[PDB]
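**Student:** Mind having a look at this structure? Questions to follow.
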Amino acid sequence: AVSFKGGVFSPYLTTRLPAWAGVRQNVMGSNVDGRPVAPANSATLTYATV
Amino acid sequence: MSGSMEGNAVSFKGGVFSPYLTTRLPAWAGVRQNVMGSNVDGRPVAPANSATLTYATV
Amino acid sequence: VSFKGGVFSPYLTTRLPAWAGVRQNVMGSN
Amino acid sequence: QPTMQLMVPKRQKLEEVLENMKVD
Amino acid sequence: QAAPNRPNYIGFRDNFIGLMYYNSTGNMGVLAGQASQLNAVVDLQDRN
Amino acid sequence: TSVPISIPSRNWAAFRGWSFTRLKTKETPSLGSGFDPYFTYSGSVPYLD
Amino acid sequence: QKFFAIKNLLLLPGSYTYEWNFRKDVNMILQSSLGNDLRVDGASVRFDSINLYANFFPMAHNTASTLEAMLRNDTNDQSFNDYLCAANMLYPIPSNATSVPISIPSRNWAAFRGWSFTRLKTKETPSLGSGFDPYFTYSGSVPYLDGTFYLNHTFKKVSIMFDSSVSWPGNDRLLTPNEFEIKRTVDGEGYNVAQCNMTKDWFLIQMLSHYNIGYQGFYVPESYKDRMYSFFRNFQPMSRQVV
Amino acid sequence: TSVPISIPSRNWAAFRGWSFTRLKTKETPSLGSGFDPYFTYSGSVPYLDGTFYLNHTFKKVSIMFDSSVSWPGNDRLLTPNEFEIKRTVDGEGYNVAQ
Amino acid sequence: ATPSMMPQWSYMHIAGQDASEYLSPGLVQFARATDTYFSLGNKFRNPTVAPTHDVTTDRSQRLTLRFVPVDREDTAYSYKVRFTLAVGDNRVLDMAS
Amino acid sequence: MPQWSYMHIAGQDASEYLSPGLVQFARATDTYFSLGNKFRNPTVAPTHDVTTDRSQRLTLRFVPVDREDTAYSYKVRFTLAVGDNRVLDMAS
Amino acid sequence: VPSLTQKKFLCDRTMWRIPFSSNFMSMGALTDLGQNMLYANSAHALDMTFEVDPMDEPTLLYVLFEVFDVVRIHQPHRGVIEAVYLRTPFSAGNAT
Amino acid sequence: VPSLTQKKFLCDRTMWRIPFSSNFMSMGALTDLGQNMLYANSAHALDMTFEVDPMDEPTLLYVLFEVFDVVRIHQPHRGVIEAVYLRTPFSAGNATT
Amino acid sequence: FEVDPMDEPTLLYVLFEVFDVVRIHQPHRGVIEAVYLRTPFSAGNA
Amino acid sequence: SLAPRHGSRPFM
Amino acid sequence: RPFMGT
Amino acid sequence: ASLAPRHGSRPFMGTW
C-alpha cells in the first residue's frame, strides 16, 4: 500500500553500476546475428547451448 | 501557480533491481512482511501496516 | 519487480538535502 | 570564522582507510 | 441553511520565528568591522 | 514501517546523545534558498518551532 | 545445550544458577511436510515440567581436588569457540529483483577468514530478535537455522570491492579477474566446467576451500573430508534437450 | 530528479577533482563481460566517445565530507553549500550570461 | 598508506624531483642531445606540486561579493546607481572583475 | 598480538601453554575422561612466503597453436608456456 | 458487550531522547562515554533502523545527533571580531 | 526434431565459501591474508553485490563473515565464573559501550 | 545531485580524478616490470 | 607444522 | 617568497 | 559538583 507518490524518487542511496553484463537494462537484447534474449527473466538461468 | 519540479510518476521500467544499498534486515517482528500473521492460539493478527497502533489486550 | 510482501524501506535513507524542491511534488509560490 | 574541525579519524599506527600499489 | 465559516487566525510566528534568516547559509547574516570585514556569523545548514 | 539510516566512519570524542521526532512533509520548510515554492502550509511548523 | 560457551564447559564446585527460556510457539518448534501454518488450523504445546539432568564423573576426591586447584590456575584457563564461528547478516531482497548490493562501513578485518552466503525465502526465516513472531506462518524446514539450503544455486554471480574500487579476487587471479562467476549462461570462451553451467573459476574456488583440492588435479575427495553438508556431496548437474 | 551517492571512508589525498556528466542508459556499454547482449544501439556512446551531450541537464550538486562538512567550504561561493548549475527560480539575481 | 605518504609518492615522481634531476646525469645529456629525433621526453613524468601554504585563506571571503545600490534615481535619461565598495582587509579586488 | 595470545586465537599450542602438570594429567586420563576438546589449539597460517603479489593468473587459458584433421584423428598443438618462478603440476 | 481494551500513550511537544552516557543519566555534559571514546583518534560508523506506525502522509524522521557547538568570540584590537566555531561530534568547516 | 540444450547445477544443503586466504586454500583457521599487515593496521569498508534469478516470491539474502568467535572461561573461586567473549573482525563490543 | 527529469533510464558519471601513474623498470634482458598506483582510488591488494 | 601450532612454510 | 609549483 | 570545572564527581580519594 506504500505509494512513493509525494517523494523525490531517490531518497534511498545509490550504488556503483555493477559494471558487468546483464544488469543495466531489461529490454530485449539481440545476439550477434539477431536471435533475441530475455533481459531479467527465466530461461536465462539455463545453459541454452545452441 | 507554480511548477511541480516536473515530477510525473518516476517510472521504473528498465529494472536493474536494487539500485540502492540494502540495510541488513533488522532482527525483530513486523519488519519482514506485510502478511496477515497469526497468534499463538490461532487468532489472526493484522499486517504490520495498521490496526496495530492502538495495542489491544484482553 | 513488485515489493509486495515487502518490508517498507529496505534501503539506506539519505539526507533530505535541504534544498528547494527535492522535498516533494506539489504546487506552490505566489 | 575558522569553522574549525579538530577531528581526524586515522587508525593506530596511522594508516587511513586505504589501498596499495598493484605490481606486475 | 447556512453556517459560520471556520475560524482562521492569521498571525506572526511565535517569537517571530522564521522572519529572520537563520541556518540558511544562502542568505545569511553578517557582523564585522566596517573597515575590516570579517564575519561574526558563519552558519551551517544544520543548526536549527 | 521501517526507515534505516547510516553515518560513515566518524569519531565521537564528545558525542552527547541522540534525539528525534517525526514530522509531516507538507510542514517542513527547506532552508537553502530562502524561498520554497513547494511549502504550502500556513499552520504550525514543528521543524523550527 | 547447544550454546558453544556452555556446550561442553567443564564446571567446578560451587553452586550455579542456571535458567533458560523455552519457545512455546507451536509453529516455530514443530515441522510439517506441507509448510502449512500450524497455530491457525490448530495446534498447541503445553509444558508440564522442566528438569535439569547431569551425570558427574565419580572421580576420587583425592584427584578431583588436584584437578580443581589445577584448573583454578590463570594459565590453565579453558577456552571454547562457536563451530560455525561467523557473524550473521540477513539482507532483504525485493520480492522479485535481479541483484542486491551490500555495504559495510570502514571496519577492521584483523582476523577475517572468508565470506559464506546463500539465499533464503523470507516466508521461512524467523526473526528471532523477539520472544514471539506473529508473522511466521510457514511451518516447514527453516534454512535460516536448520541446516537446510536449497536456493544457493540461483546466484548468477557475485562481486566484491574494498571501500569503493578494490576488488578482492585480487591482484587478478580468477578467470574473470573481478567477477566471481557461478551461473554464466552463455559461452564463447567455454568457461563452464562440468557438463553443468558453473564456471571453471568458481569450481576452483569451491572444491578448493571445502575439500582443499586443486592446483594438483581435481580428484574425487575421500568421504572423511566430504561431510553431509559439504560441497561435492550435494553438487548435481543435469541436462536435456528441448524442441 | 535526485541521485544521492556516497563513498565509504578514504584517504582523499591527492583527490584533484570531480567531473560529472549524464549518459542515457540506452547508449552506454556494459564493458565487464564482452558481448554485452543488451547494447541494442549503435549511435555514439558518450562514455568512451567523449560525446557527452546531456550536461545541459544538471541543476545542483552537494559535496559533503564526513556527512557534516561542505567542500566548497567556508562560504566561498554564492550559495555556500550547494553548487548551483541551473537556477530556474531566478530572483536574487544570479544567472550569468544572458 | 603511511601518515606521510611522501616516499610512497616520490617512487612515481608523482610529487617529487623533476626528471632533469632524478634521471642519472648521464641520461639527461643524451635526452637533451637527441631531442630533434627520437625524443625521450614524453615518458619520464615530472611533478606539479602546487603551493601548499600562504596562497589561500581559511576564514572568509565569498568569492563573488554582492554589493547593492545605496542610491537610485530614474531620470528617464540615466540611472545613477551609487554603490559602496567595501574591499576588506588582507583582501584585494583587482577591479577588473 | 596480545589480545590474540590471550584467547589462544594465534599463539602457543594447547600442549605448550597449559601447566605441564595438566598436559601430563590429560595424557593420563584421555582414554576415559578426555579433556582435549576443552582447550582449543590455535592454528595460524603461513604468512610469509606462500602467495605471490606480482599478479599471477590463477588459471591459464591456452588455444591451439595449430591442428590437423584426418577424419578419424584430431591433432591439437598447444604451447604450454609456464612463466619463470612458477610450477604447473601437470595434473592440474 | 464484551470488551477489547485499547491503549495509547499520547506524548507531544517533547523530543524523544536517548543520552550517550553509559548509565543513561545526565551526570555531566561531556557524557562519560564521550570521554570514554579514547583509544585515541579512533572511529566508528553508526547504523539505525527506526520503526514507525505507518502514516498516510510523507513524513521526515528528524534524528538529532547532538554535539557541542562552542564558539569563542575574540576582539583583539578595536574593530575586528574574530570567532572560532568548533562544533564537535559532527564537525563543520575545513579550517583545522 | 532439432534440439537446443539446457543445463543447471542444483547444489543444496551447502553454502558458498569465499575464503580470505591469498590462494583460497585451507592453510589455517586464521587465514594467511587475514593477518596481513595491510588489514591488521588500517580498517576497510566494503561494497559487494550479487545476482539472483528473479523469484516472484519475496526472498532475502544470507551472508556470513567468517569471524573468530573465541571464548575463555575461568573460575577463580569456588562458585564464581568469569568469561571473556570476543570477535576479532566483528567484535561484539568496543569503547562505545 | 539535482537532475532534470528525463523520461528514460539514465546514468550519472562521477569521475573522481586521481593520480594514475605507472612505472616500468625492465631491469634485465627480457623482463618488463611495472608498478601501477592510483593514489585516492587505487585498487591494489597486498 | 611448527610450534606456534600449524602452518607450513616460513620454516624452510 | 616561496610559491608556484614544480 | 567538585574539582576544576563542575566535574559531576568521582573524586572520593582512596589514595596510597
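Labels for the C-alpha cells follow display order: chains A, B, ..., residues from 1 in each chain, ligands from 1.
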DSSP on the backbone: which residues in chain L end up as alpha helix (DSSP H)? Give the answer as a PyMOL selection string.

**Tutor:** chain L and resi 37-41

**Student:** With 12 Å as the limit and counting only C-alpha atoms, what residues in chain C lie close to chain K? Please list them as a ChimeraX atom specification.

**Tutor:** /C:7-18,23-25

**Student:** Write the residues of the selection above to a file with C-alpha atoms, as a PDB file, in the first residue's frame.

**Tutor:**
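Wrote out-v1.pdb, looks like this:
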```pdb
ATOM      1  CA  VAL C   7       9.197  -4.551   4.225  1.00  0.00           C
ATOM      2  CA  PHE C   8       8.939  -0.887   3.769  1.00  0.00           C
ATOM      3  CA  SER C   9      12.158   0.726   3.024  1.00  0.00           C
ATOM      4  CA  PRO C  10      14.704  -1.921   2.621  1.00  0.00           C
ATOM      5  CA  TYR C  11      17.371   0.746   1.600  1.00  0.00           C
ATOM      6  CA  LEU C  12      19.596   3.246   3.399  1.00  0.00           C
ATOM      7  CA  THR C  13      17.711   6.557   3.535  1.00  0.00           C
ATOM      8  CA  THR C  14      19.859   9.597   2.850  1.00  0.00           C
ATOM      9  CA  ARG C  15      19.687  13.264   3.834  1.00  0.00           C
ATOM     10  CA  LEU C  16      16.767  15.335   2.892  1.00  0.00           C
ATOM     11  CA  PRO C  17      19.412  17.596   1.355  1.00  0.00           C
ATOM     12  CA  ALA C  18      17.898  20.927   2.439  1.00  0.00           C
ATOM     13  CA  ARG C  23      11.179  17.799  -0.899  1.00  0.00           C
ATOM     14  CA  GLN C  24       8.094  16.845  -2.740  1.00  0.00           C
ATOM     15  CA  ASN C  25       5.971  17.014  -5.897  1.00  0.00           C
TER      16      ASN C  25
END
```

**Student:** One decimal, in Å: what's the spacing between atom CA of residue B:2 and atom CA of residue H:89?

**Tutor:** 10.2 Å

**Student:** Which residue out of F:18, F:37, F:8, F:25 has the minimum interatomic distance to residue K:57 when only C-alpha atoms are used?

**Tutor:**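 The shortest atom-to-atom distance to residue K:57 comes from F:25.
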
**Student:** Env of stretch 23-37 of chain E: 8 Å cut, atoms = only C-alpha atoms, seq-sep filter 6 positions within chain, self excluded. Answer as a list in words.

**Tutor:**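 Answer for this query is residues 43, 44, 45, 46, 47 and 48 of chain E; 31, 32, 33 and 34 of chain F; 78, 79, 80 and 81 of chain H; 86, 87, 88 and 89 of chain I; 79, 80 and 81 of chain K.
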
**Student:** Residues of chain I were defined as contacting chain E if any atom lay at most 12 Å from it, counting only C-alpha atoms; please report them as a PyMOL selection string.

**Tutor:** chain I and resi 58-62+65-66+84-91

**Student:** Those selected residues, please, written with N, CA and C atoms and delivered as an mmCIF file, in the first residue's frame.

**Tutor:**
```cif
data_model
loop_
_atom_site.group_PDB
_atom_site.id
_atom_site.type_symbol
_atom_site.label_atom_id
_atom_site.label_comp_id
_atom_site.auth_asym_id
_atom_site.auth_seq_id
_atom_site.Cartn_x
_atom_site.Cartn_y
_atom_site.Cartn_z
ATOM 1 N N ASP I 58 41.454 30.770 4.981
ATOM 2 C CA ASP I 58 40.676 29.742 5.647
ATOM 3 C C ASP I 58 39.500 30.284 6.448
ATOM 4 N N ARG I 59 39.198 31.579 6.360
ATOM 5 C CA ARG I 59 38.325 32.179 7.360
ATOM 6 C C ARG I 59 37.264 33.127 6.810
ATOM 7 N N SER I 60 37.221 33.341 5.496
ATOM 8 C CA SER I 60 36.293 34.346 4.983
ATOM 9 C C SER I 60 36.188 34.377 3.463
ATOM 10 N N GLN I 61 35.675 35.496 2.953
ATOM 11 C CA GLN I 61 35.812 35.859 1.548
ATOM 12 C C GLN I 61 35.017 35.017 0.565
ATOM 13 N N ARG I 62 33.693 35.112 0.631
ATOM 14 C CA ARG I 62 32.875 34.740 -0.511
ATOM 15 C C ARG I 62 33.554 35.204 -1.791
ATOM 16 N N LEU I 65 31.517 38.804 -4.107
ATOM 17 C CA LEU I 65 30.732 39.658 -3.238
ATOM 18 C C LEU I 65 29.627 40.343 -4.031
ATOM 19 N N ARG I 66 28.529 40.644 -3.342
ATOM 20 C CA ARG I 66 27.354 41.243 -3.973
ATOM 21 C C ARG I 66 27.067 42.578 -3.299
ATOM 22 N N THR I 84 28.597 51.077 -2.805
ATOM 23 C CA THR I 84 29.551 51.350 -1.745
ATOM 24 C C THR I 84 30.513 50.164 -1.676
ATOM 25 N N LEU I 85 31.617 50.271 -2.406
ATOM 26 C CA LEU I 85 32.626 49.229 -2.362
ATOM 27 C C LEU I 85 33.246 49.169 -0.976
ATOM 28 N N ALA I 86 33.422 47.953 -0.475
ATOM 29 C CA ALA I 86 33.960 47.751 0.860
ATOM 30 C C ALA I 86 35.005 46.638 0.824
ATOM 31 N N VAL I 87 35.927 46.715 -0.133
ATOM 32 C CA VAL I 87 37.029 45.765 -0.158
ATOM 33 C C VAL I 87 37.654 45.721 1.229
ATOM 34 N N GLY I 88 37.725 44.526 1.807
ATOM 35 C CA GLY I 88 38.048 44.410 3.215
ATOM 36 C C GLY I 88 39.522 44.544 3.519
ATOM 37 N N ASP I 89 40.045 43.647 4.350
ATOM 38 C CA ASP I 89 41.445 43.686 4.745
ATOM 39 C C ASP I 89 42.076 42.356 4.388
ATOM 40 N N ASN I 90 43.379 42.379 4.142
ATOM 41 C CA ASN I 90 44.063 41.190 3.663
ATOM 42 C C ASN I 90 43.308 40.641 2.459
ATOM 43 N N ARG I 91 42.967 41.546 1.550
ATOM 44 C CA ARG I 91 41.905 41.293 0.592
ATOM 45 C C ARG I 91 41.974 42.343 -0.507
#
```

**Student:** If you run DSSP over the backbone, which residues in chain A end up strand (DSSP E or B)? Put them as a list in words.

**Tutor:**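 Checking each residue of chain A, the strand (DSSP E or B) ones are residues 12, 23, 25, 30 and 36 of chain A.
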
**Student:** Kindly provide the residues of chain F that approach chain C to within 10 Å, each paired with its closest atom pair and their distance in Å to one decimal, based on only C-alpha atoms, listed by chain and increasing number, as CSV.

**Tutor:**
```
residue,atom,partner,partner_atom,distance
F:1,CA,C:8,CA,5.8
F:2,CA,C:8,CA,5.9
F:3,CA,C:9,CA,5.9
F:4,CA,C:12,CA,5.4
F:5,CA,C:12,CA,5.2
F:6,CA,C:12,CA,6.7
F:7,CA,C:14,CA,9.4
F:25,CA,C:23,CA,7.5
F:26,CA,C:24,CA,8.3
F:28,CA,C:23,CA,8.9
F:29,CA,C:18,CA,8.7
F:30,CA,C:18,CA,5.2
F:31,CA,C:18,CA,5.9
F:32,CA,C:19,CA,4.8
F:33,CA,C:20,CA,6.5
F:34,CA,C:20,CA,8.7
F:35,CA,C:20,CA,7.5
F:36,CA,C:20,CA,5.7
F:37,CA,C:29,CA,4.4
F:38,CA,C:28,CA,4.6
F:39,CA,C:28,CA,6.5
F:40,CA,C:28,CA,6.1
F:41,CA,C:28,CA,9.9
```

**Student:** Store the residues of this selection in a file with N, CA, C and O atoms, as a PDB file, in the first residue's frame.

**Tutor:**
```
ATOM      1  N   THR F   1       6.982   1.188   7.548  1.00  0.00           N
ATOM      2  CA  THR F   1       7.099   0.866   8.959  1.00  0.00           C
ATOM      3  C   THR F   1       8.535   0.863   9.458  1.00  0.00           C
ATOM      4  O   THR F   1       8.752   0.799  10.672  1.00  0.00           O
ATOM      5  N   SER F   2       9.518   0.930   8.564  1.00  0.00           N
ATOM      6  CA  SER F   2      10.915   0.979   8.961  1.00  0.00           C
ATOM      7  C   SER F   2      11.633   2.014   8.112  1.00  0.00           C
ATOM      8  O   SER F   2      11.225   2.312   6.988  1.00  0.00           O
ATOM      9  N   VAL F   3      12.710   2.560   8.660  1.00  0.00           N
ATOM     10  CA  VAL F   3      13.470   3.593   7.964  1.00  0.00           C
ATOM     11  C   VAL F   3      14.928   3.542   8.405  1.00  0.00           C
ATOM     12  O   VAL F   3      15.344   4.294   9.295  1.00  0.00           O
ATOM     13  N   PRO F   4      15.739   2.678   7.808  1.00  0.00           N
ATOM     14  CA  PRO F   4      17.144   2.593   8.206  1.00  0.00           C
ATOM     15  C   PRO F   4      17.914   3.821   7.762  1.00  0.00           C
ATOM     16  O   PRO F   4      17.590   4.454   6.756  1.00  0.00           O
ATOM     17  N   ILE F   5      18.942   4.164   8.534  1.00  0.00           N
ATOM     18  CA  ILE F   5      19.839   5.259   8.212  1.00  0.00           C
ATOM     19  C   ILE F   5      21.258   4.812   8.520  1.00  0.00           C
ATOM     20  O   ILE F   5      21.484   3.770   9.133  1.00  0.00           O
ATOM     21  N   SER F   6      22.223   5.617   8.086  1.00  0.00           N
ATOM     22  CA  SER F   6      23.620   5.282   8.314  1.00  0.00           C
ATOM     23  C   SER F   6      24.457   6.547   8.365  1.00  0.00           C
ATOM     24  O   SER F   6      24.090   7.577   7.797  1.00  0.00           O
ATOM     25  N   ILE F   7      25.594   6.448   9.041  1.00  0.00           N
ATOM     26  CA  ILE F   7      26.576   7.519   9.131  1.00  0.00           C
ATOM     27  C   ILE F   7      27.944   6.914   8.846  1.00  0.00           C
ATOM     28  O   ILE F   7      28.334   5.940   9.493  1.00  0.00           O
ATOM     29  N   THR F  25       5.741  15.863   5.897  1.00  0.00           N
ATOM     30  CA  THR F  25       6.469  16.536   4.829  1.00  0.00           C
ATOM     31  C   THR F  25       5.803  17.828   4.396  1.00  0.00           C
ATOM     32  O   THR F  25       6.501  18.770   4.008  1.00  0.00           O
ATOM     33  N   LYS F  26       4.477  17.905   4.445  1.00  0.00           N
ATOM     34  CA  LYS F  26       3.814  19.119   3.995  1.00  0.00           C
ATOM     35  C   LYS F  26       4.078  20.305   4.910  1.00  0.00           C
ATOM     36  O   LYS F  26       3.754  21.434   4.534  1.00  0.00           O
ATOM     37  N   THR F  28       7.389  21.332   6.631  1.00  0.00           N
ATOM     38  CA  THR F  28       8.793  21.167   6.972  1.00  0.00           C
ATOM     39  C   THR F  28       9.653  22.040   6.067  1.00  0.00           C
ATOM     40  O   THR F  28      10.219  21.549   5.084  1.00  0.00           O
ATOM     41  N   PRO F  29       9.783  23.327   6.361  1.00  0.00           N
ATOM     42  CA  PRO F  29      10.445  24.231   5.415  1.00  0.00           C
ATOM     43  C   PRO F  29      11.872  23.793   5.110  1.00  0.00           C
ATOM     44  O   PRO F  29      12.573  23.253   5.967  1.00  0.00           O
ATOM     45  N   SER F  30      12.282  24.003   3.859  1.00  0.00           N
ATOM     46  CA  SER F  30      13.637  23.710   3.411  1.00  0.00           C
ATOM     47  C   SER F  30      14.417  25.012   3.334  1.00  0.00           C
ATOM     48  O   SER F  30      13.972  25.965   2.687  1.00  0.00           O
ATOM     49  N   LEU F  31      15.577  25.064   3.980  1.00  0.00           N
ATOM     50  CA  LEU F  31      16.319  26.316   4.105  1.00  0.00           C
ATOM     51  C   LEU F  31      17.656  26.251   3.362  1.00  0.00           C
ATOM     52  O   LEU F  31      18.721  26.085   3.965  1.00  0.00           O
ATOM     53  N   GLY F  32      17.597  26.447   2.044  1.00  0.00           N
ATOM     54  CA  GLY F  32      18.775  26.526   1.204  1.00  0.00           C
ATOM     55  C   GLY F  32      18.673  27.609   0.148  1.00  0.00           C
ATOM     56  O   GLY F  32      19.649  27.903  -0.548  1.00  0.00           O
ATOM     57  N   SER F  33      17.484  28.195  -0.002  1.00  0.00           N
ATOM     58  CA  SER F  33      17.292  29.271  -0.962  1.00  0.00           C
ATOM     59  C   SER F  33      16.427  30.409  -0.445  1.00  0.00           C
ATOM     60  O   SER F  33      16.181  31.357  -1.195  1.00  0.00           O
ATOM     61  N   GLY F  34      15.960  30.353   0.797  1.00  0.00           N
ATOM     62  CA  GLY F  34      15.119  31.414   1.301  1.00  0.00           C
ATOM     63  C   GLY F  34      13.762  31.507   0.649  1.00  0.00           C
ATOM     64  O   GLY F  34      13.022  32.455   0.923  1.00  0.00           O
ATOM     65  N   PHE F  35      13.408  30.553  -0.204  1.00  0.00           N
ATOM     66  CA  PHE F  35      12.110  30.553  -0.866  1.00  0.00           C
ATOM     67  C   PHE F  35      11.799  29.133  -1.293  1.00  0.00           C
ATOM     68  O   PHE F  35      12.538  28.549  -2.090  1.00  0.00           O
ATOM     69  N   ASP F  36      10.708  28.586  -0.774  1.00  0.00           N
ATOM     70  CA  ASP F  36      10.304  27.216  -1.073  1.00  0.00           C
ATOM     71  C   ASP F  36       9.001  27.254  -1.854  1.00  0.00           C
ATOM     72  O   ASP F  36       7.916  27.348  -1.255  1.00  0.00           O
ATOM     73  N   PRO F  37       9.046  27.171  -3.172  1.00  0.00           N
ATOM     74  CA  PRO F  37       7.808  27.230  -3.952  1.00  0.00           C
ATOM     75  C   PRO F  37       6.960  25.990  -3.757  1.00  0.00           C
ATOM     76  O   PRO F  37       5.991  25.776  -4.487  1.00  0.00           O
ATOM     77  N   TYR F  38       7.335  25.144  -2.804  1.00  0.00           N
ATOM     78  CA  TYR F  38       6.590  23.929  -2.530  1.00  0.00           C
ATOM     79  C   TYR F  38       6.038  23.862  -1.115  1.00  0.00           C
ATOM     80  O   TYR F  38       5.146  23.046  -0.860  1.00  0.00           O
ATOM     81  N   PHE F  39       6.513  24.701  -0.202  1.00  0.00           N
ATOM     82  CA  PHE F  39       5.888  24.836   1.107  1.00  0.00           C
ATOM     83  C   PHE F  39       4.492  25.406   0.918  1.00  0.00           C
ATOM     84  O   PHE F  39       4.333  26.544   0.471  1.00  0.00           O
ATOM     85  N   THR F  40       3.482  24.618   1.256  1.00  0.00           N
ATOM     86  CA  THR F  40       2.093  25.021   1.115  1.00  0.00           C
ATOM     87  C   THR F  40       1.335  24.853   2.425  1.00  0.00           C
ATOM     88  O   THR F  40       0.179  24.432   2.447  1.00  0.00           O
ATOM     89  N   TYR F  41       1.976  25.190   3.538  1.00  0.00           N
ATOM     90  CA  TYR F  41       1.374  25.070   4.856  1.00  0.00           C
ATOM     91  C   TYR F  41       1.340  26.425   5.540  1.00  0.00           C
ATOM     92  O   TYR F  41       2.372  27.093   5.655  1.00  0.00           O
TER      93      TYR F  41
END
```

**Student:** Can you pull out the residues contacting stretch 110-115 of chain G? Cut-off 8 Å, using only C-alpha atoms, and skip same-chain residues under 5 positions away; I want them as number ranges by chain.

**Tutor:** L: 17-21, 29-31, 34-35, 39-41, 63-68, 88-89

**Student:** Once you count only C-alpha atoms, which residues of chain N turn out to be within 8 Å of chain J? Could you give them as number ranges by chain?

**Tutor:** N: 3-10

**Student:** Using only N, CA and C atoms, please write the residues we just selected to a file, as an mmCIF file, in the first residue's frame.

**Tutor:**
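Result went into out-v5.cif, see below:
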```cif
data_model
loop_
_atom_site.group_PDB
_atom_site.id
_atom_site.type_symbol
_atom_site.label_atom_id
_atom_site.label_comp_id
_atom_site.auth_asym_id
_atom_site.auth_seq_id
_atom_site.Cartn_x
_atom_site.Cartn_y
_atom_site.Cartn_z
ATOM 1 N N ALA N 3 55.481 -24.815 15.833
ATOM 2 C CA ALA N 3 55.227 -24.970 17.300
ATOM 3 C C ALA N 3 54.369 -23.867 17.873
ATOM 4 N N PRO N 4 54.151 -22.798 17.130
ATOM 5 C CA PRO N 4 53.157 -21.843 17.488
ATOM 6 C C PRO N 4 51.862 -22.470 16.933
ATOM 7 N N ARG N 5 51.914 -23.735 16.543
ATOM 8 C CA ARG N 5 50.888 -24.717 16.081
ATOM 9 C C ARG N 5 50.527 -24.492 14.656
ATOM 10 N N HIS N 6 50.505 -25.532 13.880
ATOM 11 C CA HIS N 6 50.180 -25.470 12.440
ATOM 12 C C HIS N 6 50.782 -24.375 11.553
ATOM 13 N N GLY N 7 50.581 -24.592 10.284
ATOM 14 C CA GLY N 7 51.099 -23.624 9.360
ATOM 15 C C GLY N 7 51.626 -24.337 8.196
ATOM 16 N N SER N 8 52.860 -24.007 7.896
ATOM 17 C CA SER N 8 53.584 -24.608 6.792
ATOM 18 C C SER N 8 54.962 -24.000 6.481
ATOM 19 N N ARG N 9 55.127 -22.999 5.581
ATOM 20 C CA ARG N 9 56.453 -22.600 5.021
ATOM 21 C C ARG N 9 57.046 -21.283 5.363
ATOM 22 N N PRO N 10 57.143 -20.831 6.611
ATOM 23 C CA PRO N 10 58.019 -19.739 6.941
ATOM 24 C C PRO N 10 59.141 -20.531 7.619
#
```

**Student:** What's around residue L:11 at 10 Å? Count only C-alpha atoms, leave out sequence neighbours fewer than 6 positions away in its own chain, and write the answer as number ranges by chain.

**Tutor:** G: 149-154, 231-237

**Student:** I need the residues from that last selection saved to file as a CSV table (one decimal), in the first residue's frame (with C-alpha atoms), if you can.

**Tutor:**
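See out_19.csv below for the written result:
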```
chain,number,residue,atom,x,y,z
G,149,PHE,CA,19.7,-24.6,2.0
G,150,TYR,CA,18.0,-25.2,-1.4
G,151,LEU,CA,18.3,-21.9,-3.3
G,152,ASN,CA,22.1,-21.4,-3.2
G,153,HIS,CA,22.3,-22.1,-6.9
G,154,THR,CA,20.1,-19.2,-8.1
G,231,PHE,CA,30.0,-29.1,-1.4
G,232,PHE,CA,30.6,-32.2,-3.6
G,233,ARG,CA,28.2,-34.4,-1.7
G,234,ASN,CA,25.4,-32.2,-3.0
G,235,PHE,CA,26.6,-30.9,-6.4
G,236,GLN,CA,24.3,-32.0,-9.2
G,237,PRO,CA,24.4,-31.2,-12.9
```

**Student:** Please return, as a PyMOL selection string, all residues of chain A lying within 9 Å of chain K when only C-alpha atoms are considered.

**Tutor:** chain A and resi 2+4-7

**Student:** Within 12 Å of chain L, which residues belong to chain M? Use only C-alpha atoms and report them as number ranges by chain.

**Tutor:** M: 44-46

**Student:** Residues as selected, N, CA, C and O atoms, written as a JSON list (two decimals), in the first residue's frame, can you do that?

**Tutor:**
```json
[["chain", "number", "residue", "atom", "x", "y", "z"],
["M", 44, "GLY", "N", 44.58, -1.84, -5.19],
["M", 44, "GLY", "CA", 45.66, -2.79, -5.04],
["M", 44, "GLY", "C", 45.60, -3.52, -3.72],
["M", 44, "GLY", "O", 45.50, -2.91, -2.66],
["M", 45, "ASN", "N", 45.66, -4.85, -3.80],
["M", 45, "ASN", "CA", 45.82, -5.68, -2.62],
["M", 45, "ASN", "C", 47.29, -6.05, -2.44],
["M", 45, "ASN", "O", 48.09, -6.01, -3.37],
["M", 46, "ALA", "N", 47.63, -6.41, -1.21],
["M", 46, "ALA", "CA", 48.99, -6.82, -0.90],
["M", 46, "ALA", "C", 49.14, -7.09, 0.59],
["M", 46, "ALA", "O", 49.02, -8.23, 1.04]]
```

**Student:** Show me, as a ChimeraX atom specification, the residues that have an atom within 10 Å of residue E:13 when counting only C-alpha atoms, minus same-chain residues fewer than 2 positions from it.

**Tutor:** /E:10-11,15-19 /F:43-45,49

**Student:** Calculated over only C-alpha atoms, which of the candidates J:25, J:19, J:53, J:7 has the smallest distance to chain D?

**Tutor:** J:53

**Student:** I'd like the neighbourhood of residue A:45 as a list in words, where a residue qualifies if any of its atoms comes within 9 Å (using only C-alpha atoms), though same-chain residues fewer than 5 positions away should be ignored.

**Tutor:**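 Once the nearby chain positions are removed, what remains is residues 154, 156, 183, 184 and 185 of chain G; 7, 8 and 53 of chain L.
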
**Student:** Write the residues you've just listed into a file as a short mmCIF file (atom, residue, chain, number, x, y, z; two decimals), in the first residue's frame, and include N, CA and C atoms for each of them.

**Tutor:**
```cif
data_model
loop_
_atom_site.label_atom_id
_atom_site.label_comp_id
_atom_site.auth_asym_id
_atom_site.auth_seq_id
_atom_site.Cartn_x
_atom_site.Cartn_y
_atom_site.Cartn_z
N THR G 154 20.75 -20.24 -7.33
CA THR G 154 20.13 -19.20 -8.12
C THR G 154 21.00 -17.96 -8.26
N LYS G 156 23.55 -15.80 -9.90
CA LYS G 156 24.23 -15.75 -11.19
C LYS G 156 25.72 -15.51 -11.01
N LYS G 183 27.03 -18.77 -12.47
CA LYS G 183 25.97 -19.24 -13.36
C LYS G 183 26.08 -18.60 -14.73
N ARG G 184 27.30 -18.41 -15.21
CA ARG G 184 27.50 -17.78 -16.51
C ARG G 184 26.83 -18.61 -17.59
N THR G 185 25.90 -17.97 -18.32
CA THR G 185 24.89 -18.68 -19.10
C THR G 185 25.24 -18.81 -20.57
N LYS L 7 21.04 -26.60 -19.10
CA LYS L 7 21.84 -27.20 -18.02
C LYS L 7 21.69 -26.37 -16.75
N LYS L 8 21.64 -27.02 -15.58
CA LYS L 8 21.69 -26.27 -14.34
C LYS L 8 22.83 -26.84 -13.50
N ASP L 53 18.46 -15.15 -9.79
CA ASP L 53 17.36 -15.38 -10.71
C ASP L 53 16.08 -14.80 -10.12
#
```
